[PDB]
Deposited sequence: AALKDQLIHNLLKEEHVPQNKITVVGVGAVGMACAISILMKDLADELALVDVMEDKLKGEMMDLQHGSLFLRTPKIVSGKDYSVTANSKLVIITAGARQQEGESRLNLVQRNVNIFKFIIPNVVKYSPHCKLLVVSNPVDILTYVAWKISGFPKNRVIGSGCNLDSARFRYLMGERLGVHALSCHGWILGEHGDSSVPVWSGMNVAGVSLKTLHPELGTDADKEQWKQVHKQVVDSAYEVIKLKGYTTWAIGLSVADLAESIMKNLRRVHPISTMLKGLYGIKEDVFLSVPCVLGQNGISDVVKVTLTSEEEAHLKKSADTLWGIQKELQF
C-alpha cells in the first residue's frame, strides 16, 4: 500500500468545481501584480493564469505555488489552453501587443479576437474585467466579441487614476487618501475629467472653500495635480520601465467588490449609451455600483456644461476610433 493510502483513508470521491475562481490572462508585470494582490486578499479559491509565453507562464505559476504555505488559495493552475480557466467567476484581461499606432489598437484587437472567444467558451457566466490599454476601447472590444450583457464587461478605467488623485490630494492636505475624496471620470488618460466640485474632506467642498480650485487662476495650481495624475504612469515607466504595484492593488480592489458583492461605488468604465447625454456604444468611467453581477447601477454625477461636453467629446472620439476597427 502506498504511503498516502496508509496515512489517509478516502471517504469521499468528489469532483473539481471551483466556487470562487479567478483567472488572470497575461502574466506580464501587470498581470502578476494583479495575481499576488488577489492571492493576498483571499479573494479566490482557485487562481488560473494564462499567456502565450509558456515557459514564463509555467515559471510564474510555480513561483506562486511554492508560496502555498503562506496563502489561503488552495489551487493555482496555468496553461496556454483556456480549459484551465473553466468556471471562473471573474476573468481579468491584461494581455496586449507592444509598441505606428491605431495599428497598435488593431493588433490588440487581434489579440482579443483570439483570447475573448476562448474565455467565454470555458466561462460563459464570468465577469470580464479589462485592464489592457487603451482600456475604454479594448473593453468595448471585449464586449463586442464576447456577446456578454454590458453589466458583465468592465474596464479598469479611471479607478487607478482616481486613487492617485486621492493620494496626491492626501499629500497636499496632510491626511490619508482614504479620507480624501475626489473623482476622475470619463476617458482614461490625458482626456480624463477631474470633477473639482466633488473633491472634499469630511463632506467639506474644497471648491466651495476655494472657488478658483482647478482653474488657471488658482494660486495653488490644483489643476497641476490632475496633470500629475495623467503623467504619473509616464513618469513611473520612465523611472522603472513599467508600472505594476498600484494598478495591481487597484484591480484587486475591484475584484473584492465583485467577489464579495459589496456594491461599493468605483470610477470604472462601463457601456454608458443612454446616460450622460451619450448616444454611442462606448465605455467611459463614471461612478459605478459594482457587485456579484458586475455593474448594476451608475451614479449620475452633476456636471458643468463644460464637463458634459468634454464627456460627449470623449464618446465621439472613442466611437470614431471604434469604427476603424476590424472584428
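Counting from residue 1 of the deposited sequence, the single stretch lacking C-alpha coordinates in this chain is 100-103.
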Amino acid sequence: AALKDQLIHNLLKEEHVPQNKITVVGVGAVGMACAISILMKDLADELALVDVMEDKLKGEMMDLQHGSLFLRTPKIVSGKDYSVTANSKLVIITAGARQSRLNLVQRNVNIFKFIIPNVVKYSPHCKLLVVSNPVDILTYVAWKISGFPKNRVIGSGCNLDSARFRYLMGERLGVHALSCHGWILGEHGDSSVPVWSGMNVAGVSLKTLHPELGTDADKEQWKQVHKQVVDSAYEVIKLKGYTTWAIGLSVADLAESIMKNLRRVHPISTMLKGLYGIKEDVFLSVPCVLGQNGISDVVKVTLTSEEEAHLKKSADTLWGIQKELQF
From here on, numbers count along this sequence of modelled residues.
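The term rigid core refers to the most C-alpha atoms you can superpose between the two forms while keeping them within 1.5 Å.
Once the rigid core is used to overlay the structures in 5 other deposited structures of this protein, the stretch among 127-135 and 104-112 whose CA atoms lie farther from this form is 104-112. Between 9-17 and 303-311, the larger root mean square Cα shift in 5 other deposited structures of this protein, once each structure is superposed on the rigid core, falls on 9-17.
A summary of the deposited B-factors shows that, of 7-15 and 311-319, the stretch with the larger mean C-alpha value is 7-15. If you average the C-alpha B-factors over 221-229 and over 81-89, the higher value belongs to 221-229. The residue among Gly157, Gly214, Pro149, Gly248 whose C-alpha carries the highest B-factor in the deposited model is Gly214. The PDB entry assigns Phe114 a C-alpha temperature factor belonging to the highest third of its chain's modelled residues.
When the modelled residues of the chain are ordered by their C-alpha B factor, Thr302 lands in the highest third. Ranked by C-alpha B-factor against the other modelled residues of its chain, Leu102 falls in the highest third. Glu46 sits in the lowest third of its chain by CA B factor, as recorded in the PDB entry.
The entry lists a Cα temperature factor for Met61 that places it in the middle third of the chain's modelled residues.
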